[PDB]
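In what follows, a structure is listed as structure tokens, so that the remarks can point back to it.
Labels run A, B, C, D, E and F following the written order; every chain starts at residue 1.
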């Protein structure tokens, strides 16, 4: 009942070495490019900031 | 079970994609219009019952969708997410039966829509519950049906990431971004209008003297967002893209062509666990939905095996909650890998029949030994690929550098797959 | 979506919300 | 690095042989990557390692 | 393994012992019609061939 | 024959590796005149010598 634990823990250390896992250029590319992609979805919150609270003032005031 | 309800329930379907098949950039137009909608969709509701707590599953729930007691989003995409997940469960788990004719499968999508919209109505009713109960229900379904149509017009339509996952991603960009520039603060004992922005920690240098205690409030800010929090948030992003590039290469002699080597990879993400994290999230969202039925017949005793322990103090007052939370996170993502891969593709037979189906044969041995060529990676790179995400989200909670934990890890995982989808068409 | 009205339909729904939100708020202040 | 011969000539016999062994192990691993099926970058790196080995053995001779 | 054609079983045994730090029960050699010599290097059973194959990369 | 020498076997080994077609990138070069390997030996037609 104890040995499948041994199996998976040795099984992990198998496929860690088979992977590539390179340096930073990949890391660099998805890093900067996808923080950029984040902020593409990001400033949208600053525009519901700029809009939907002042029009909620329009809502409650009238 | 399928043969009766599905033929009757066909009410108001969606229109399948036209004959304008190949295009580059009007694809992106159909994306961007939905992104205009979720500019708009996160906007204020019309009913004035101003309840005190915003949502009860507001944090985990917020991580999935953050319009808690808010807009037409709606405290979460938790309707569409939970209703999608248990649907794919009860399709994959054979409690309910496979349809591969283009019809029963069409009405299977119809019943998918049915249970999805009914669950939206259920969430609407259960969050709004006085005598002002009219028309909330009408609003919610209208705004449930809209998210339905926008998601299914971004699977058979444009769809590259999904409708779903890129909604989660962009709303997570926003939830970092409100923490990025933060205009208001209700005034505490000192210091109005500066809450965890970098502008806040640049206006703070303009107001106060004694810049040492201007540094201290900038880097060890607790109740509002922090800039040490933002360093840890950036740090997590860097590490997770360090781990996306973990991939296994397998070169392939194509059949019938001399020596082209388009090596099939297997990244450790194993679909980036958009099942498996949301597997970890939505069960702990459905009870914190249904603790509301525990008030009558709870946020206390049921919480000790329900949630993270939320404390930056690693030796906070209960190790039971910490141990069980982390072990459940790791085991949940690993287990839902080893159960997930069998349904949404890329299991052993899946890969084999796709490669035979696209005429790609491993060099080392015969074509249907390719299974045994690669059956010794995919489950572990499911399971470990499950496991060391959730423990990774442990490091998203154990240390507070995330504009948010688990959910931020996984919405940027959405983005990372998203980049691949966009790049695909180059 | 053989047709694009479903989207347009969603836009109409938001407008109905958009306009009808401030429409009752017209008489209030 | 770019193993140039001019900054191999001042160095000693022992460091030339250790650098030779480092490059021989490096070429062995690139041939493993050629036979298992690896990147294109390793497959173009194999010529860099072969010519660097030729350079080091040349300077030794 | 694929081996240079000028090699003995003794030389293949010493090379496998030195490059990968593993002891060998026996070596069987054949020369292919391609021209290469192939060596089937049996290991002493305290070593796993799958572990040393995962060490050197082949899987 | 099933009984060979090393010399004859190495001779046959070379002719078995010369017997492949041309790679399909070789005719995308600048000054190509080569459409196919015109030295292809088949074992029934041409008997290789010896």
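A few remarks follow.
Everything below uses one rule, namely that a contact is a pair of C-beta atoms (placed from the backbone, for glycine too) under 8 Å apart; a residue touches a chain by one contact, two chains touch by 3 or more.
Chain identities (UniProt): A = Protein transport protein Sec61 subunit gamma; B = Protein transport protein Sec61 subunit alpha isoform 1; F = Large ribosomal subunit protein eL39.
Traced through touching neighbours, the fewest hops from chain C to chain D number 2. Across E-F and A-E, the chain pair carrying more C-beta contacts is E-F.
Using CA-based centroids throughout, the chain positioned farthest away from chain D is C.
For the pair chain D and chain E, the distance between C-alpha centroids works out to 23 Å.
We define each chain's centre as the mean of its Cα atoms; on that basis chain A and chain F are separated by 55 Å.
Mean C-alpha positions place chain A and chain B at a centre distance of 10 Å.
One finds 47 Å separating the Cα centroids of chain B and chain D.
With touch defined as above, residues shared between interfaces to two or more other chains in chain A number as follows: 14, 18, 20, 59. Listed for chain F are no residues, as none touches two or more other chains. Residues of chain E in contact with two or more other chains: 57, 59. A complete list of chain pairs in contact reads A-B, A-C, A-E, B-C, B-D, B-F, D-E, E-F.
The touching residues of chain C, counted against chain A in their complex, run 21-22, 25-29. Contacts from chain E toward chain D in the complex involve residues 19, 56-59. If you check the complex, the residues on chain F that touch chain B are 21, 23-24. Considering their complex, residues 249-252, 261, 263, 363 of chain B touch chain D.
Of all residues in chain C, only 1-3, 5-7, 9-11, 13-14, 17-18, 20-21 touch chain B in the complex they form.
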